[PDB]
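> Coordinates for the following, if possible.
(2 chains, ligands or ions: 4)
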Amino acid sequence: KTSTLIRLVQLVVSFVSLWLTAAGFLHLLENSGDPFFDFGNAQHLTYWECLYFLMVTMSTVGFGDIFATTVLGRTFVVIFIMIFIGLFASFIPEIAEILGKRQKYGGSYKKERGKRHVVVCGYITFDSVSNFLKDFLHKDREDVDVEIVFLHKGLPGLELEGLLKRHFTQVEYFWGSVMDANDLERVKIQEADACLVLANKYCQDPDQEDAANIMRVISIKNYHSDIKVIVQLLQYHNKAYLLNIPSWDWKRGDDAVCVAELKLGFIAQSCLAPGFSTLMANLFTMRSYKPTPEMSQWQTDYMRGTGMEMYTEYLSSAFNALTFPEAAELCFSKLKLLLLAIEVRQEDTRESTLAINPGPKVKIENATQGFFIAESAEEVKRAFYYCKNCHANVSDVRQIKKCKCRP
Amino acid sequence: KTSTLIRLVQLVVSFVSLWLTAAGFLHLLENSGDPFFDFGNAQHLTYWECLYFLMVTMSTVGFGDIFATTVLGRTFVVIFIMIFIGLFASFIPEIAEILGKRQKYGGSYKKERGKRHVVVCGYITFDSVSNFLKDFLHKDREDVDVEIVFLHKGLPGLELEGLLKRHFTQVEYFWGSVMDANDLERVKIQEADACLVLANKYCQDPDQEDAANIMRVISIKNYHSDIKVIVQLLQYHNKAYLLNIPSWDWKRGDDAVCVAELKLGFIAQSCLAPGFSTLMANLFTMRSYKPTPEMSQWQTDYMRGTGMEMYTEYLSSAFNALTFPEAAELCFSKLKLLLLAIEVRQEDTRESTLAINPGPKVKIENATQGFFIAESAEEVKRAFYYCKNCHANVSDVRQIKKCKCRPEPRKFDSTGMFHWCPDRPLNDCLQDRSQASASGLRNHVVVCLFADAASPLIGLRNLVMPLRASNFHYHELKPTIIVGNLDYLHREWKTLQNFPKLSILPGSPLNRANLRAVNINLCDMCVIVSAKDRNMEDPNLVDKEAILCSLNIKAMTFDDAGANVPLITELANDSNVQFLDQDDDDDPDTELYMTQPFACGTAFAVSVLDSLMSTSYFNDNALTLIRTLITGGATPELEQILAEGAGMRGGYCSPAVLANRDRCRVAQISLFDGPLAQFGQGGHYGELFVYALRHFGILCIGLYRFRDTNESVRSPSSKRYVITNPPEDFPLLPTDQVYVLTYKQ
Ligand SMILES: [Ba+2]
Ligand SMILES: [Ba+2]
Ligand SMILES: [Ba+2]
Ligand SMILES: [K+]
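Numbering: from 1, shown residues only, chains lettered A, B, ... in the order given. Ligands and ions are numbered 1, 2, ... in the order given. Structure data below:
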């Protein structure tokens, strides 16, 4: 069911048929004889041997084992060579065109039983993926591994090919688009964990790119209506077009990331407090502390603070009926851990608006969620396992990491 | 007589001559001897054998039977190989170029004795031919087969090649143009039945394409002056340039099909009666009813009405001296057949103007022609063979198929068919949000226009002209408000200033403040049109604005609700209809006419109009009837008036002209609380039809019915679908609506 395959099979079948016809012609003309010599020079020649000889002659190689002694055989060989060279002169271009037509990056993704993947569509180039790939597949992240399935309408460049080859065990690529209900089955969106729509930050008209990304979101939500979508927008007024999509529910994970809003917000916060942009940019990126002797003292001091990230954790029962300043002081002094924000309304079930540095009025209740700044996720667990009675006399922070006499 | 052939024969002859010269050289140098050896090593060698050996050596193959023992022979062979390889290095490019020069699609068409063909010229691509080819070569059509001969200046693509191969037995292709008197003899226009000139609906400047098509028509009529031509135009003002051609006679079959006029007429008729666009689009396309078990009940009910077409037939002698209502009632009750229109003046020989649902005054005379809606052409024949005496006691309709024993200061136009107002400047109608909200607009029409400043004109006149017909009372006129770009409206206002009750709100339709000021929740129809240029990007990203506007209007909430706003969307690509409705199940190879948005009368695409070229060829009265239905007038006299460049003109009319204010119009009625509401409960379609025809003089075309079967609870998706001419035993519901053809205003 392919025109190229049909043409290829047609030409190969015609070539085989003509080759067999020529083999029969030579067999007859060699086993018959010569009218000039009254058929006194005919030489025995099997059909297989004649076919072998003609394949040798046609393949431009030429051997000296079988030759046409008969004059009729010689002139038939000359006609064979001339006609087949003439045909091959007008036959190689179509074959060359067809042999370089099948796309390299087809096929359908096959998922394992216990492996989750996220689909990454949109504007896939080297500069729009390198940082995202570096953060997504960072070594310092937890042991949970999730695959990445790029789905783009185009062929990757050289450096993108290098990135794909280096991450061969975690990254797959496919040719297609999110505008086709057929391409959304090759990447298994019905079972995908999330869909990430990237954008082109250096386009000519931001409105057109934003509309295209909104159309991609519309298509994805039209195919499957309960998947989590993270969109990358350019302008801020286009953030309201995503509320019109009936299946776009913010409460279940759908998010929109506005480039201009975040960038100018970082700059405007640097205006009020200089140096805040780098603080914010380093708190929200996965980095590891690897000091080297070639680094100056201030470089080491800065790199130590660079490697700290932000995490979330459920406060233990020891924080109940305790105000925010006391909880933060206890976390810093004992657990050596900084607490920024809390969940204030996890009890009344009203979306639990975040509270950043609340006053003494706010009190920690049961099963609240807090936000910590820590070097790694392991250190945050001490807040969950902290019991006041058993850990009263514990000095080293390496012992609080383990629970004690939990009910 | 070809330069390429001359070059080829020159090179092959030179090669043969050089080959023979080399053969002679080797023969002489081998049979002579060697001066160093005193000619003591010469070996006998015939000329034929030497020629064979040199052909083997030159052909890069190489055998080991004949070899040049002589040193002179060996050095001559070396020189031969070197010189001929050097020559062949500089000889293959020209040969390769020449061998790929002859065009594949030349030649002349040869016609059989009894086969007729139609020539199809113009803009031949895959998307402009697929629907036309599907309709023209439909299986359900009669046994008469006519060939198609495409004539284009270019090579077909891949999918066009596939179409040609699939229809190999009915379709031919040729390279040429209708601008050459030589190419019109290769396709035999002197014997062709008709010439179909297609257009490019998505061009950059419609005027240039229209002028090119007019030039093609001029050439075709210049070559042969008595051939039938069906032209496909884009704008409406170019329809008057075809009257200047001396050989263009409308009375003999020449026709012009205007894309914009028909499309905007369908939309404007949907504005008055929702869901009419799909009814009209399905009545004028060849379809077949092939139900499948996977289809839902409402899908089968809709597909049964989809398969009905329209035909013409001569009424039998039994209809003589019988008025139109009685004839229609007899046709429906006995023959199970619906009669729409009649020929009123076939006797006086005055072009026999069509009559749609005439009053009791009109009487059927001998040898009249009538128009029927029927599943197939066989059922229409019962009208011709119906004899009252012999078929009096015939119950089954399968026996009638065989014959038996046959022997107020109102200002209108000059034509008096449209409402007219004196010319005004644009600022006399321009408004802002405060002024628009001050005016309590309700039951109006809102046109959301996504136009640029330099975008080509749509011709919004064709959308407002049907809404100002003179058969509407001045208090029944629906106010129209256009929300869109302003510079485009400066360009467009030249053709709109004469229509009363029209307003413009500059801005953008995607803004919500405009839609709140316009009172879009109290309107009767919101038409989303886009004048922006088409097809510079992915085909799936050409209808961003329309889909975004539809979703924005649907998601909006008003104060007593935004999902009940009736709006009709115009699509550039027909594959985007999957993104309009959420409750439906999408599918990639489903035709547009079978989707849910189209079945409800919400989406419309110009592709469904591609089938209007074939029908106009097979039925010459179809275009007149469809224009009469979807335009509300526009007689050729009005076209002549507009062709003078002075614009629309008129005023107070004489009483003789004002007699044109009584033509029938398409309307929609409800079975809820009217005088005929008794058929809502337990009633059947046939009883309602005959009652309405006998009592009120109303002809019913079809039903417009809630999609959800549980209308008692009225599921949130309150969408309706259309059924065309349901059978006589169809059960009615109190919430169903009926399409009707009303008379006497
Ligand atoms: Ba770290
Ligand atoms: Ba049919
Ligand atoms: Ba859908
Ligand atoms: K070679």
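
> Residue A:51 looks like it's in a helix, true?
Yes. Read with DSSP: H, G, I helix; E, B strand; the rest coil, residue A:51 is one of the residues of a helix.

> Could you verify my assumption that it touches residue A:23?
Yes. Residue A:51 lies in contact with residue A:23 (Cβ atoms under 8 Å); the separation is 4.6 Å. (Each C-beta comes from the backbone N, C-alpha and C, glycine too.)

> quick one: the helices in the stretch 101-250 of chain A?
Ranges of helices in the stretch 101-250 of chain A, per DSSP state H, counting those that start in this stretch, are A:130-136, A:158-166, A:183-186, A:206-223.

> Between these, which one is closest to residue A:71.
Across these, residue A:71 has its closest neighbour in helix A:158-166 (59.5 Å, Cβ to Cβ).

> Which residues does that closest one contact?
A:124, A:125, A:126, A:129, A:130, A:133, A:156, A:171, A:173 (Cβ atoms under 8 Å, 6 or more residues apart in numbering or on different chains).

> tally of neighbours for the residue of the stretch 251-400 of chain A found nearest ligand 3?
The stretch 251-400 of chain A approaches ligand 3 most closely through residue A:254 (18.2 Å), counting by Cβ to the ion. The number of residues packed near residue A:254 is 20, by other Cβ atoms under 10 Å in any protein chain shown.

> Please list the residues of the stretch 101-250 of chain A that sit near chain B.
Contacts of the stretch 101-250 of chain A with chain B, taken as Cβ under 8 Å from any Cβ of the partner chain, map to A:177, A:179-182, A:211-212, A:214-215, A:218-219, A:222-223, A:225, A:241, A:243-247.

> 10 Å instead, please
Applying Cβ under 10 Å from any Cβ of the partner chain, one finds that the stretch 101-250 of chain A approaches chain B through A:153, A:177-182, A:207-208, A:210-212, A:214-216, A:218-219, A:221-223, A:225, A:238, A:240-241, A:243-248.

> How about the residues of the stretch 1-150 of chain A by ligand 4?
residue A:60 (Cβ under 5 Å from the ion).

> and the residue of the stretch 1-150 of chain A nearest chain B?
residue A:64 (3.3 Å; Cβ to the nearest Cβ).

> what residues are up against that residue?
A:56, B:62, B:63, B:64, B:65 (Cβ atoms under 10 Å, 6 or more residues apart in numbering or on different chains).

> so what's the first one closest to, chain neighbours aside?
This means residue A:56. residue A:63 (5.0 Å; Cβ to Cβ, 6 or more residues apart in numbering or on different chains).

> is it true that that neighbour touches residue A:57?
Yes. With contact defined as Cβ atoms under 10 Å, residue A:63 counts as touching residue A:57 (8.5 Å).

> which of those two has more neighbours?
Using other Cβ under 10 Å as the criterion, residue A:63 and residue A:57 rank with residue A:57 on top: 25 against 15.

> in a helix, that's where that one is, yeah?
Yes. According to three-state DSSP, residue A:57 belongs to a helix.

> show me the residues around it that make contact.
Taking Cβ under 10 Å, 6+ apart as the test, what residue A:57 contacts is A:22, A:26, A:63, A:66-68, A:77, A:80-81, A:84, B:56, B:59, B:61-63.

> cool, residue A:320 as well?
Residue A:320 neighbours (Cβ under 10 Å, 6+ apart): A:327, A:363, A:364, A:365, A:366, A:367, A:368.

> neighbour-wise, which of those residues leads?
residue A:327 (22 neighbours).

> re earlier: need the winner for burial among the helices of the stretch 101-250 of chain A.
helix A:206-223 (a mean of 21; mean count of other Cβ atoms under 10 Å in any protein chain shown).

> Surely residue A:386 and residue A:336 touch.
No. Counting by Cβ under 10 Å, residue A:386 sits too far from residue A:336 to count as a contact (11.7 Å).

> of those two, who's got more company?
residue A:386 (24 against 12).

> which residues does that one contact?
A:315-319, A:330-331, A:334-335, A:337, A:394, A:400-401, A:403-404.

> ranges for the strands of chain A?
A:116-121, A:146-152, A:171-175, A:194-197, A:228-233, A:255-258, A:309-314, A:322-323, A:338-343, A:354-356, A:363-364, A:369-374 (DSSP state E).

> residues of the fourth one that come out buried?
Judged by neighbour count using 16 or more other Cβ atoms under 10 Å in any protein chain shown, the buried positions of strand A:194-197 are A:194, A:195, A:196, A:197.

> what's the burial count for residue A:337?
When neighbours are counted by other Cβ under 10 Å, residue A:337 registers 24.

> ok, and the closest non-adjacent residue to it?
residue A:331 (4.9 Å).

> I figured the one you found hits residue A:384, correct?
No. Counting by Cβ under 10 Å, residue A:331 stays clear of residue A:384, with 11.9 Å between them.

> which neighbours do these two share?
residue A:315.

> between those two, who's got more neighbours?
residue A:331 (20 against 12).

> packing partners for the biggest helix by length in chain A?
As assigned by DSSP state H, the longest helix anywhere in chain A is helix A:3-32. Secondary-structure packing of helix A:3-32 (3 or more Cβ pairs under 10 Å, 6 or more residues apart in numbering or on different chains; DSSP states H and E): helix A:47-58, helix A:71-89, helix A:92-99, helix B:158-166.

> Now with 7 Å, please.
If you count contacts as 3 or more Cβ pairs under 7 Å, 6 or more residues apart in numbering or on different chains; DSSP states H and E, helix A:3-32 packs onto helix A:47-58, helix A:71-89, helix A:92-99.
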